[PDB]
Structure formats: structure tokens, C-alpha cells
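Enquirer: As a preliminary step, the opening chains of the complex are given here in situ:
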Amino acid sequence: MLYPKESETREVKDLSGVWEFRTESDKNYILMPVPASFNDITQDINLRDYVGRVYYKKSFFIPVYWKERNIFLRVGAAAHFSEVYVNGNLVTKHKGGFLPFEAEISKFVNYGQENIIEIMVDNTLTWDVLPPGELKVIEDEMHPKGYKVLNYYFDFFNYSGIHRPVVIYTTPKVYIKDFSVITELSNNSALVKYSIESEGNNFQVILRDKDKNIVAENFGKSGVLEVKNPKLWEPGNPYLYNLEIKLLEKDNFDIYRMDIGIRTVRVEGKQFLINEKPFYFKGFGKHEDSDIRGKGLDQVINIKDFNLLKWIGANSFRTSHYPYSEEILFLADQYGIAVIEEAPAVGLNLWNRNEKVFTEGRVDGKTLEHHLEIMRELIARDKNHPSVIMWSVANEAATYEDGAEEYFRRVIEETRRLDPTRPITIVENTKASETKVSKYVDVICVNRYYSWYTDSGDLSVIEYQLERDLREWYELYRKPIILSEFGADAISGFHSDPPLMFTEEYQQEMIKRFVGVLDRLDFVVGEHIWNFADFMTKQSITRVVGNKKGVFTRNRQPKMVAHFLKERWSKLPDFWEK
């Protein structure tokens, strides 16, 4: 499914705005913005911590002239289970809170009249949705009848609601359903190879440069476009060409356009190559999180975040720990930021080797089935973005378990089959010698928190422990390694010398000592600090109103270590043969 875009042949109507909202088995509505998480909008603590079904409702008018058009209703994201009703008719259901879903609804609309859309969203986690969790009953001596808790083991808050825009769009009855683009370098040219999915068959395809000059054209539902003297897309030079696809049939006419970038990505030895040059990742793990709206899409915050990425000198980030909005990937295309996009397989770990995760009752064949469908949906959505340069299949799963090996072999095999054009990783906090899964990926991503979660407060252990660990990863697997997470919680304004945990000084010193180690290791091709910004988590005595490891505050202002990273990364080239 293609991102909804207006053209000569397609209308788009955005239903974002103020909706009516209620919780299960309640008749009274309140007002609720869309897109947004509902948790922080009100002062009702029982809604903040609500677990169950909520219902959104809105009126909309369909123009009579949309008859004899396809009418699609698209929901960008709703966490985690959703059902969509048009005038009381169920038009689609969806499982998974971080990818879009849509249905054709012309059969159910009142033309030239009022219509009602209702969207049910259920935030109840189970062990066969990603990320997983479990609702548990607690009726003991200290809890009243009916006390229940939603348990989950990922470290970000279970925000719920409609997190990305709801839109209605039209197409002709015979229309461009999808297309695939692959770019190759050939002699002094680039090739853009394409295939179009449609019931139609007569297509003209045109490629235009930045100045609207036509640089290539082809008649054909599949084909190759040759670009002589191409300008390649890469961090530091985000050149985009505009691909125009025109269906020209007897009764149907359809146009779809997308900006694409010409680049190659390849792993060879201990090098991560973009356009055949050795890349060095400088960046962050991020989160879709901001004040008040929770996980809701906000283009103000998105553009602010990319300007901060360019300001600090980052060239990349990982979409920890789930696919982000398409909007963020289009921006990464424009700004020239390399993206590792990650499936929502986070929380597959009970920090305890006595509780097994990959076992009947928890992560099983049903979870695997969902994970495989997720990879198919994710690659289908994002396969044409130049900014996505790697897929991450999971974050900190219990990869030391025997059952994790067969599980992830299947996930990894399916991902590569779906997209052979990008490398694959998995983000590990398991010990190097214990993971049964990292031997199957292209690039190793390791999260390490020496002197924070272990030997807390003792910065002196970092060089000893980190160098020994990373050398063992390389000795066992002989793959490029990204230090995919490291950092320390810092309360803005907490200062100390000597540095103490939770101060800005400790965060900067820890990060500084980690990267001094990486500079001595020629097989380390990247550093991603956790996290870009402070974000909300569930409440616990270990979380000082959320996770405070941001390099920026939640309102997008820098802590001390942001300036250290700006100075370091201004000296580090994007392409660096270590």
C-alpha cells in the first residue's frame, strides 16, 4: 500500500482533528485529538492507566462526485488491535500498533451526505502481538476484587490511541496499487529498475532531477531507467529524483509520484558500504514520543528533530523499537539521514534466566506468524525509501535460549527473501558467547551499559570491559559491529564533580570513555547513543518520570553531552576507512 498522495487523478481528505472518544461500555463521549495517544490528554488518571477498548467517532461528508471512484480509508497507526466501522459496517481489522491499514469503503458510504466513522482501539497486550505483554489478575490479601495489571517488559510506556493520521483518499477504478524500485550503479550511469502492480498495463514512467528536467523515461509496466551522470543519495548529499508513474488506459487514467534516491548498500568484511564507500554511523536510538501527545505524529516535532540531527552532526538513527511513521522516513530521505528500521520485537525477555521466553505459553508459533506478517507489511511499506539502509529484526530478545535460534532463523530468512537489497541486523544485549542468533545476521548491533547497570558509578571499568567485549564479538562473528546503545540517565540541571550517576557530567564522561574505546577498533563501524531524547516509560522506582538517558530533553533542548557529541562528530567524516 502506497502513501496517500494527491495528484491530477487522486484526492486526499485528512480526517485528523477533534474526534469524539469514549471507553468500553460507556455512553458519554469526551473530545480527543487525532492523531495522539489518549493517555496524557485528560486529567483522568483512570484513563491515563486504562487497559481495554476505546472508541473514536467522527462525522464526514463524501462528495457525490466520488461515485465511480475507489474510496480508501487509511489509518496510519493504532496501538495495538483495531476495528474500523463506516456507518456501522466493519470495513477492516488490524493487529499491530505501528503499521498502517486500509480498506475500500465505497460500498458503505452515503454519497453527498453525512457519514460516521468509528474506530475501536484495544491496548491489551498478549504474547502473540509485538511488542508482547500479558494482562494478569491479582486477587490476593492486599488487592481488592478485580485488581488487574498489564505486565510488559519493554522500556517505553504503553501509550495507546490513534497515533498517525486517518485519511480518506480516492483513486480511479483501475489504478497504481504499488511499485518497486531498485537502484544499481553501472559504468558511469545509474539504473532505476521498476515494476508496477496494477490491473492496468499501459504505463509511462518519467524520472526528473531537482530542477524538473526529465533525465529518463520508459513505456512499460516493468523496466529500467538509465540516469547518465547520476547524483547519488547519501548522508551529507541527499539528492532525490522524482519518479512519475502514469497509467494510460481507455477508461482509466492515474498518476502517482514519489521522490527516490539512487544509492547502494552492501556489507563486505568489516565494512558497511554506502555507494561503495566505508560508512561510519553517528547517531541515536530514537522513540516516537513527545510531551502531551505521547506517540502521536507531529510534524513540528519531526522537523525540529531532523534539524537537531543535522546540528549535532548525526548521520543516522535506529527506529527503536518499532516502525516509525512514513512521514519520518520521507523526512530522512530529504535530510540525508540513514535509518535502521526495526520491527516491534522488543520485550521478548524476562530479565531472568529461570523464566523462558521462547516457549509454549509465551513467544511461540503464533508470535512467529505475527512477526513474519509484520516484516512483510514493513518492507511493503518502506521498500522504496533511500533512507532505510538496514532492517533490525528485534531488540534485546532472549537470544541465549535454544528456542530463540529456530524462531529468528525463520524471521531472518523471510526478511532476506522479502528484501535482498538491504543488510539485516538484530540488536543484542546478550553476551557474545551466549547468543544463538547473531551468527545469522549481516551486522552486529550490541547494547552495552558498563558502569551504569553494572558496576554502577564506577567509570574506571569501561575501557577494560568494553574493549574485551567488543573484541570477542568480532573474534566470534567476523562482522562489522555497531555499538547500538550506550548511555546514562541524566536529570537536566543535576551536576556534580566528581561525576555521580544521574548527573549531566556522568552521562558525558561515560559516553566519552565508550567512544574512545571504539576509535581503537577498526571493526566498529558505528556509535548510536541511547537515547536521542528523554521519553516516557511505565512507572517504577528505576524510572525518574520516564527514561532520562536522552541527549536532548523531551522538549528538544540539549544536555551537556549534546555539545560533546557535536564537537566529536564535526571531526568525524561520514565515510571513514578505519
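Expert: That came in fine, so what should we check first? Numbering: from 1, shown residues only, chains lettered A, B, ... in the order given.

Enquirer: and the residue lying closest to residue A:177 once chain neighbours are set aside, bridged to which residues?
Expert: Of all residues not flanking residue A:177 in the chain, residue A:197 sits nearest, at 4.5 Å (Cβ to Cβ, 6 or more residues apart in numbering). (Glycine included, C-beta is placed from N, CA and C.) Note on residue A:197: beta-bridge partners by DSSP bridges are residue A:178.

Enquirer: Residue A:197: how many residues sit nearby?
Expert: Neighbourhood size, residue A:197 [other Cβ atoms under 10 Å]: 12.

Enquirer: all helices of chain A, in order?
Expert: With DSSP state H, the ranges of helices along chain A come out as A:45-48, A:299-312, A:326-335, A:365-382, A:402-418, A:462-477, A:504-518, A:560-571.

Enquirer: For residue A:278, find the nearest of those.
Expert: helix A:504-518 (14.7 Å; Cβ to Cβ).

Enquirer: quick one: contacts for the closest residue to residue A:236 other than its chain neighbours?
Expert: Ranked by Cβ to Cβ, 6+ apart and with sequence neighbours excluded, the top spatial neighbour of residue A:236 is residue A:574, at 5.1 Å. Taking Cβ atoms under 8 Å, 6 or more residues apart in numbering, we find residue A:574 in contact with A:234, A:235, A:236, A:279, A:280, A:282, A:315.

Enquirer: Need the max-distance pair from these.
Expert: A:234 and A:282 (13.5 Å).

Enquirer: The two: which is more packed in?
Expert: residue A:282 (27 against 23).

Enquirer: coming back round to it: just the buried ones from the contacts of residue A:574, in PyMOL syntax?
Expert: The PyMOL command for the buried members of those (criterion: 16 or more other Cβ atoms under 10 Å) is given here:
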select buried, chain A and resi 234+235+279+280+282+315
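
Enquirer: Tell me the one among the contacts of residue A:574 nearest to residue A:307.
Expert: residue A:315 (14.2 Å).

Enquirer: any idea how far residue A:563 is from the closest one?
Expert: In this view, residue A:315 and residue A:563 are 18 Å apart by Cβ to Cβ, to the nearest Å.

Enquirer: what does residue A:500 give?
Expert: 20 Å.

Enquirer: So the residue nearest to residue A:177 versus residue A:94, what's the distance?
Expert: 21 Å.

Enquirer: try residue A:548
Expert: Counting by Cβ to Cβ, the gap from residue A:548 to residue A:94 is 33 Å.

Enquirer: and if you look at residue A:149?
Expert: Counting by Cβ to Cβ, the gap from residue A:149 to residue A:94 is 26 Å.

Enquirer: then chain B, please:
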Amino acid sequence: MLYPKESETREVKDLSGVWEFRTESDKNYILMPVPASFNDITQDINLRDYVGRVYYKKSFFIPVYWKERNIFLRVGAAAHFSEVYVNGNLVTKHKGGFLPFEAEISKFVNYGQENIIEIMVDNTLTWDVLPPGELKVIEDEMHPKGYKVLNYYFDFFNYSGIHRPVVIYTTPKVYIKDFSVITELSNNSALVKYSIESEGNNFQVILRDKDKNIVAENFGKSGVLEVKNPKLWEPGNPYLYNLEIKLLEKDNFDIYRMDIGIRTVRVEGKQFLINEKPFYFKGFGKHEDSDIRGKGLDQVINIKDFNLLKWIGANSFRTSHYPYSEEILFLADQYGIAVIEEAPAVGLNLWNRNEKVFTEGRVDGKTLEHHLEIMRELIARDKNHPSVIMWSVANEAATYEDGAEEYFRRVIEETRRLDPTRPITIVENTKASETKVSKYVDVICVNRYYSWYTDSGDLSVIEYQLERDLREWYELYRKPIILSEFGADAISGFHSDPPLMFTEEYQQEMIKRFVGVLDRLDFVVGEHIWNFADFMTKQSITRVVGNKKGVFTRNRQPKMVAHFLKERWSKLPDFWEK
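Expert: The block that follows adds chain B to the chains above:
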């Protein structure tokens, strides 16, 4: 041993000030203030976290006229093992970091000349000092040779150094060594009964009121002083009489004076009676802790703290979790603040029922021997302060263990034998039905943290859980109950609605809901919030630069809940028949 006080017959020389300081097996000195903890004075992180022996050194001059006087060298406190050298001569050794020690040193001084005092202090904890801990060797795959950690399980930082003043004082060769005072009410009079310890035998004892009027006198080494129409000491009316003791012998003359207060304390049924009226404790658990100086005595901070106690309307505190400086008790006498003074038996708990504490290898007969000596030293020091109204033998020990019963039976039995004039408690976090120790004390003190350490964030459980729990304490033991701790960490300036853990709002709402429960229970005779002020702890992912449960910041300014308590406690009488 009596607090050093100048008189017509006694000189006092305070050696506090700037000393030279070094660590073990090092020849170079730095400067170090005394009294103070050494940990936060410098920018040397290796001294902040030092474990082992440190050495203080200072020159002093003895006047030739001190010949034929006793010369005593007193150390107010040094944590935790100490040795005192005068001109290289060992004059005393001491075990325990929170009580004073002294020696007579006239045999070792150079009269009319320079002298050198050196004090060794060792902060290495063991299982037979209080509070206990253990130095552990960690030489594994991730730690270099010689890595060691001091483990301990009490929740305050192991500050070390000379924490209370070092002084030298003179007495005549035959002198007042000690005295005991007990006050009784009789008809319309009060009696002050006394006994004096001395090699002398001829004494005149005089009692003076606030205006220096003599109200009673007696000739005798022991005797009774009758005060007609006494003004009693109590919170809200801290009347002090001055007791003057004069030794009058042939060759020796000695005078010692102390302010005393006339009051009785008695537990009867579910009432805590002071001067036969039902008291209600309003107050705090405190700590000896302040910026930069750690646990060092500071009279500025002490007077500030008492003015804040009076401002907020408190009438009491507990010396969590160790005896405080004598200076603080003299101030509590002046201000009329009731003190529960506690022995340093904190940390006798490995939050884990698989690791036993009262067992060979940990808390054993050697620990018990030290605990019993501590109770003797503590009562000998503080027996004459009107402000001390109860002894606490421990805080949050593993009282569910079989071995804890015999241990504490002996501690409690010895405490009562040493001082039958004050009730005894033990501060519990064990479950009511599991403690094997609370049945042996006079008043129950229970620490409860519902919605903070358990059901974190859910304020709705408080009333259900706390009322059920406290009713079970009373049903099992039929004693008065003090809620001796409850509270929540709050970062100053962290605000939210709805309230979230670590915000000022959550701290206030939790405390408000707890005390609403207490008001409905006629057997609850007290509320002590944890803590008076933010204080330092060892580093851990659960401590945001120390413990943030203070009602005041570490620099002694109020958080939101301080104003809630001021308003509540301004409405609650000190004496309240519930």
C-alpha cells in the same frame, strides 16, 4: 562520660579546624576540615570512594599550668574504627562510628610545648560492627586484579572521617565522673533524684529555675531535690532547670552544670503518655547529612533544622539510624522536641528470604556483643536528656528469622535493665504476622511504602492496604503504633497531574492518603514521614543522587508536601486522646 563543659574548675580546648590528612601507606598530606566526612571535600573520586584507613594529624600546645590536672582527649565520633595517638602513643581505640570516646593523656603530653595528635579512622565494614557490611573481592572475567567492593545494605552513604568535634578538656584529679538524674511527679511537687559517680564524696547540689532562682538544694553524693510547683518539660513547653553539682573536698574542687527537664514517660494500653497526657507524635526520620560536609557536625544546620521543625509544627523525630551528636540532643532539650534515639542496627537485612542474616558468618554472637556494648554506651551518654523519650533497638532487621528472636530478646532485655525509665521500640518493615520480635517491645513502629515500593504509581491501593495492615498489627500485639516511615521520592521542580512517581504532587498525595487512614485508627499514636530532608546514599539505579524522599531539600528548603504538613500539624494538638 559527660559532655565536655567549661566551668570554674574545667577548661575546654576545641581542636576542630584544619587538620592534615593522608590515606594508608601514603606520605603526602592534604588539608582536611574537622569535623567533616572526607568524601565530598576534594575532587579526587578515589578518595570519595576510598575504603580503608585514613590518618588525621594536628599540632597542639598544652599549657604548663595543666600539670596536676587530669587531661582528657575526646573524639565525638569517627566512622567506624579508630585509634588515637598522642605524640606517637596509642591512648585509646574505639569501635563504632556514632558514639564518643576519650582517654586521659597527661602521661603522654609535653607541657608548655608542641604536641602531635594523630587519629586513624577505618571505614571498612564487617558483620560484627553496626551498621554491618562486608568487603568483597571480585576477580572475574570483567574485573581486573584487585577489584574490591564494600557491600552494605543500609540506605545511606558510608561517609567516613571525624564527624564530631575533637576536644581536650581538664578536670581536677578528683572530679565529677558522671551522674544520673531521674524525675518523678509527687503530689503537687516534682522530685529530681540523683546519684553522682566520683572518687570524691562531699557534694552540694543546687537546682535553679529559668531566672537563676534556687528552687532546691541538697548535700549528698546521692539524694532527692524537691521542686514545689514544677514547670514540666514537654513539646510546646520546653522548660529547663539548671542542675549544679559541686564537689567540695580538701584538695579538690569541681563544678559541673547541666540543664535538665522534669517529665515522665509511660506507655499504658494504646496510649503514649508524657506527663500523664496522651501524646501524638508529629515528625520525621532524620539523618546526619548535609551538603559537602557529609555527616560532619554543623551547628548552623542544626539550628536551622530545629527552626524548621518548629515552623512546620513537628514535635518529634527519630534519630534514624544511629545515635546523633550530643549537640542535637541539647538542642532538642531547648526546643522541646521529643526524640526516639536509635542504635545503629540498620542493614541487618538482605532483601531476600534465601539469604539469612542471623546466622554464622553474618549477624552472630560477636555482633550481639557489640550491640549490647552500644546500648550501654548510648544510655550512659544520653540518660539525662529530657528530649529522649524512647529507645529504638534496630531499623528494618530481618525479624522474621528464627535467629532474630534470641538476638533481639537479649538486646531488649539489656536495654530495659540499663534504663527502666523509657519505653523501647524496634522499627519494622517485616509483615505483622511474621516478625518474631515486635511482641517484646513497648510501642510498635512500622514502615510502610504502599504505592511506592509495591504497586508503584497506584495511589488507589493505599487506604485498602494500610488500614488492613495496621489493624492486624494492633490485633496481634495490642500496643500503641507509630507509622514510623512513609513517603515517596520527589525531585524538586518535578510536577505532574495526574500525579506520577518522583513528582512533588505524588509525594504529597501519598502522604495525605496515609494520614487520612491514621486518623481513623485510635491506636495509632504517631506519624513520622520519611525523610526530613534529601540525603546521600551509595550509587544505584534506584537512587537519583541519593534518597529524594525529603520533605525539605538537602539545602533545607520546603517541597510542596512541607506546606501540607504545616497546615495539618497546625490543627493537630501535641496531646490528643484519640
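
Enquirer: show me the contacts for whatever residue of the stretch 301-450 of chain A ends up closest to chain B.
Expert: As assessed by Cβ to the nearest Cβ, chain B sits closest to residue A:450 within the stretch 301-450 of chain A, at 8.1 Å. By Cβ atoms under 8 Å, 6 or more residues apart in numbering or on different chains, the residues touching residue A:450 are A:461, A:462, A:465, A:466.

Enquirer: Could you single out the nearest of the residues you listed to chain B?
Expert: residue A:465 (5.1 Å).

Enquirer: and the residue of the stretch 301-450 of chain A closest to chain B, bridged to which residues?
Expert: Here residue A:450, judged by DSSP bridges, has bridge partners residue A:454.

Enquirer: Angles on the backbone of the residue nearest to residue A:138 when sequence neighbours are not counted, please.
Expert: Leaving aside its sequence neighbours, residue A:138 sits nearest to residue A:147 (Cβ to Cβ, 6 or more residues apart in numbering or on different chains; 4.9 Å). Per-residue torsions, residue A:147: phi -70, psi 130 (degrees, to the nearest 10).

Enquirer: roughly how far apart are residue A:222 and residue A:216?
Expert: Distance of residue A:222 to residue A:216, computed by Cβ to Cβ: 15 Å.

Enquirer: So which of these two has more stuff around it?
Expert: A direct count of neighbours by other Cβ atoms under 10 Å in any protein chain shown for residue A:222 and residue A:216 places residue A:216 higher, at 22 against 13.

Enquirer: That one contacts residue A:230, correct?
Expert: No. Counting by Cβ atoms under 8 Å, residue A:230 is not a contact partner of residue A:216; they are 9.9 Å apart.

Enquirer: pretty sure the residue nearest to residue A:138 is touching residue A:135, no?
Expert: No. Residue A:147 is beyond contact range of residue A:135, at 11.5 Å (criterion: Cβ under 8 Å).

Enquirer: So which residues on chain A come close to chain B?
Expert: A:43-45, A:48-49, A:141-144, A:147, A:452-458, A:461, A:464-465, A:468, A:489, A:491, A:494, A:496-503, A:538-545 (Cβ under 8 Å from any Cβ of the partner chain).

Enquirer: Going by neighbour count, which of these are buried?
Expert: A:45, A:48-49, A:143, A:147, A:452, A:455-458, A:461, A:465, A:489, A:491, A:494, A:498-503, A:538-539, A:541, A:543-545 (16 or more other Cβ atoms under 10 Å in any protein chain shown).

Enquirer: What sits closest to residue A:294 if chain neighbours are left out?
Expert: Leaving aside its sequence neighbours, residue A:294 is closest to residue A:37 (2.6 Å, by Cβ to Cβ, 6+ apart).
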